[PDB]
Amino acid sequence: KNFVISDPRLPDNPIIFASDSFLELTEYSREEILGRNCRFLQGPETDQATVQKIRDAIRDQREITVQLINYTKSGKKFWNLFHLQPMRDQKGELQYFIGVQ
Ligand SMILES: Cc1cc2nc3c(=O)[nH]c(=O)nc-3n(C[C@H](O)[C@H](O)[C@H](O)COP(=O)(O)O)c2cc1C
């Protein structure tokens with residue numbers, strides 16, 4: 001129930017949907033999320049080596065799980081177990097990415 005959907009067919013693969021659980025965890029309103037790339041949750045303590053693996057997984061359109069530090073609106077650190085998965089259409093072509101926190 002804690003998930004976001006991004007559209008890679010739009011500039012910079014922005015979040016088009018976020019579940020109420022995701023808004024509660026990050027302390028952002030729906031209006032502050034829609035249209036942004038998910039990277040805005042990152043900050044000083046975010047391991048750049050883990051961010052690299054996510055970039056490679058998106059490029060290759062492979063599913064991946066990783067732990068990384070993210071920041072709430074009020075600058076509170078929390079660990080995030082992130083399960084990234086591609087979503088393909090009936091013609092086997094990529095439409096969306098789904099993330100789980
Ligand atoms: C559906 C989806 C959800 C994502 N959720 C997160 C997240 O919760 N935290 C995070 O640090 N990165 C998340 N990312 C990855 C970042 O938005 C971004 O891909 C990452 O920083 C690497 O790309 P960049 O090098 O262009 O920033 C998510 C990506 C997708 C497609």
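If you read the sequence from its start, that first residue is 1, and numbering goes on from there. Computed from heavy atoms alone, side chains included, the values below leave out hydrogens, waters and symmetry copies.
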**Flag, side chain of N37 to backbone of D12, donor-acceptor distance under 3.5 Å** = yes
**Asked** Hey, any chance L41 and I33 share a hydrophobic cluster, counting ILVMFWY side chains that come within less than 4.5 Å of each other, even indirectly?
**Response** yes
**Side chain proximity check, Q42 to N70, heavy atoms < 4.5 angstrom** = yes
**Message:** I need the minimum non-hydrogen distance between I69 and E45, along with the two atoms involved.
**Reply:** CD1-O, 3.5 Å
**Prompt:** Quick one: CG on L68 to NZ on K53, what's the gap to the nearest 0.5 Å?
**Reply:** 11.0 Å
**Message:** Counting only heavy atoms not in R62 (residues, nucleotides, ligands), do more than 12 fall under 6.0 Å from its CZ?
**Reply:** no
**Message:** Let me check something: do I5 and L23 share a hydrophobic cluster, defined by ILVMFWY side-chain heavy atoms less than 4.5 Å apart, either directly or through other members?
**Reply:** no
**Item:** Minimum heavy-atom distance between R30 and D20, given as atom pair plus value
**Value:** NH2-OD1, 3.0 Å
**Item:** Side-chain donor or acceptor of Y71 paired with backbone N/O of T46 under 3.5 Å
**Value:** no
**Message:** When you group the ILVMFWY residues by side-chain heavy-atom contacts below 4.5 Å and let the links chain together, are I58 and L94 in the same group?
**Reply:** yes
**Request:** Return each pair, listed once, that meets ring-ring contact (aromatic ring centres under 6.0 Å, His included) where at least one residue sits in residues 1-45; pairs must be two or more places apart or across chains.
**Result:** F3-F17, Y28-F40
**Request:** Determine whether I16 and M87 fall in the same hydrophobic cluster, where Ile, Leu, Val, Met, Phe, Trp and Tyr are linked whenever their side-chain heavy atoms lie under 4.5 Å apart.
**Result:** yes
**Asked** Nearest 0.5 Å, what's the SG-CD1 distance between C38 and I54?
**Response** 8.5 Å
**Fill in**
So ring-ring contact (aromatic ring centres under 6.0 Å, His included) across residues 80-101, not counting sequence neighbours, yields none
**Request:** Could you grab the distance from atom CD of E24 to atom NZ of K1, nearest 0.5 Å is fine?
**Result:** 13.0 Å
**Prompt:** Applying the 4.5 Å side-chain criterion to the ILVMFWY set and letting contacts propagate, would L10 and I98 be lumped into a single cluster?
**Reply:** yes
**Fill in**
Closest heavy-atom pair, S6 versus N13, reported as atoms and distance to 0.1 Å, is OG-OD1, 2.6 Å
**Request:** Working to the nearest 0.5 Å, report the span between CD of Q48 and CZ of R55.
**Result:** 7.5 Å
**Message:** Please determine whether side-chain contact (heavy atoms from CB on, under 4.5 Å) holds for the pair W79 and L81, giving the CA-CA distance in whole Å, both sets of side-chain angles, and the decisive distance to 0.1 Å.
**Reply:** CA-CA 7 Å; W79 288 93; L81 185 56; over 6 Å; no
**Prompt:** Between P14 and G35, which heavy-atom pair has the shortest distance, and what is it?
**Reply:** CB-O, 3.3 Å
**Fill in**
Closest heavy-atom pair, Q101 versus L25, reported as atoms and distance to 0.1 Å, is CB-CD2, 4.3 Å
**Complete:** Heavy-atom nearest pair, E63 first then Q85, reads OE1-NE2, 3.1 Å
